[PDB]
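Next up: just one chain, as structure tokens, the form solved without the ligand.
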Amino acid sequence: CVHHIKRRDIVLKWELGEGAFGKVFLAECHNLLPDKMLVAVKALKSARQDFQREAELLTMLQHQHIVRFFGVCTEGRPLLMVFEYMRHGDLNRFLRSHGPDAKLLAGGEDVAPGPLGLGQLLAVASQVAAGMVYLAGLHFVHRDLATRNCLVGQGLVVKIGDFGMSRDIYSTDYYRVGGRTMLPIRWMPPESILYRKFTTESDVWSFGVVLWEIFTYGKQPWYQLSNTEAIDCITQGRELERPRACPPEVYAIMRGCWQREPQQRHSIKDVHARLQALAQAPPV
């Protein structure tokens, strides 16, 4: 059941991001854990209904690699959801800040500036896969797996989670297929793009693309192509090229995720195992 938090224990510092349905803030939460504490707060703008359902949903989803939900404040307005603060923001931004295109050098005291090591890129992937293993186990279908929708905390702990506003912060990553719903086409398999079928196999395909993002420091997939060009590529069975950073045994894991027949795609469980393995013993 849902944990509740007193508005007086929540003190906003400043806005972090914004969508058409909410703002996210950085803030301090008193008396949350045995104290004074940094957290992320989603402030919401019929509505109070979906909010309640969603609040219950993400109290059921507890796992070492799912962003931690602390509770809600429904006492008055606006409706607040409280999450653990992940100091490095979304995984996409974290990756780009350690890429070769990065203008300014990345700061912080918990990770070195510049390119990550193979071991580190691998553990990043393994941590996301771990969270996807969990979800699959609950027959939960994510539908929008991308590095933009993972978060990175203290010490490079990586967790799946977002604040429901990626379509606004990262609109370039969504396209109205057929002029209908905004979909993250570059992360989608043909059956999802063509027929809007979203499954566990759909998610493993997306994980394949996440691996690619990870080994390209967050480049957008098919970044040289327009949305219609990307749809054509994916539809015809063109696969993203192996990244320069990427060793063959890792690229083989990607291609496993990109089997055209959904049932031919390796399970998330296997992908996780082969990723942990490699992280422990990174090839050359």
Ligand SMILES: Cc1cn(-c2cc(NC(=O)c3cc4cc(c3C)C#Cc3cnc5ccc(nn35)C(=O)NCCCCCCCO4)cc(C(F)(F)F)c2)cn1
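Residues that one form lacks are left out of the comparison. Take the two forms, find the largest set of C-alpha atoms that superpose within 1.5 Å, and that set is the rigid core. Numbers follow the displayed sequence, beginning with 1.
Omitted here: the form deposited with the ligand bound. The next part is about that form.
When the ligand is superposed onto this form from its pose in the entry with it bound, three or more of its atoms come within 2.4 Å of a backbone or C-beta atom, and the site is therefore classed as blocked. The ligand in the entry with it bound is approached by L16, whose closest heavy atom lies within 4.5 angstroms of it. The ligand in the entry with it bound is approached by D162, whose closest heavy atom lies within 4.5 angstroms of it. Contact between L58 and the ligand in the entry with it bound is found at the 4.5 Å heavy atom cutoff. The shortest heavy atom separation between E54 and the ligand in the entry with it bound is within 4.5 Å. Scanning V204, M188, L121, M86 against the ligand in the entry with it bound with a 4.5 Å heavy atom cut-off leaves one residue, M86. The single contact residue among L240, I253, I66, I231, judged by any heavy atom lying within 4.5 Å of the ligand in the entry with it bound, is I66.
Contact with the ligand in the entry with it bound, defined as any heavy atom within 4.5 Å, is confined among 209-217, 111-119, 162-170, 191-199 to 162-170. Among the residues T181, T199, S171, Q154, the single one whose Cα moves by at least 2 Å between the shown form and the other one, once the core is superposed, is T181. Relative to the shown form, the CA atoms of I185 and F163 are brought 3 Å or more closer together in the entry with it bound. One change in the entry with it bound concerns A230 and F163, whose Cα atoms lie at least 3 Å closer than in this form. Look at the core-aligned forms between the shown form and the other one and you find runs of 3 or more residues with C-alpha shifts of 2 angstroms or more at 106-108, 162-165, 176-181, 282-284.
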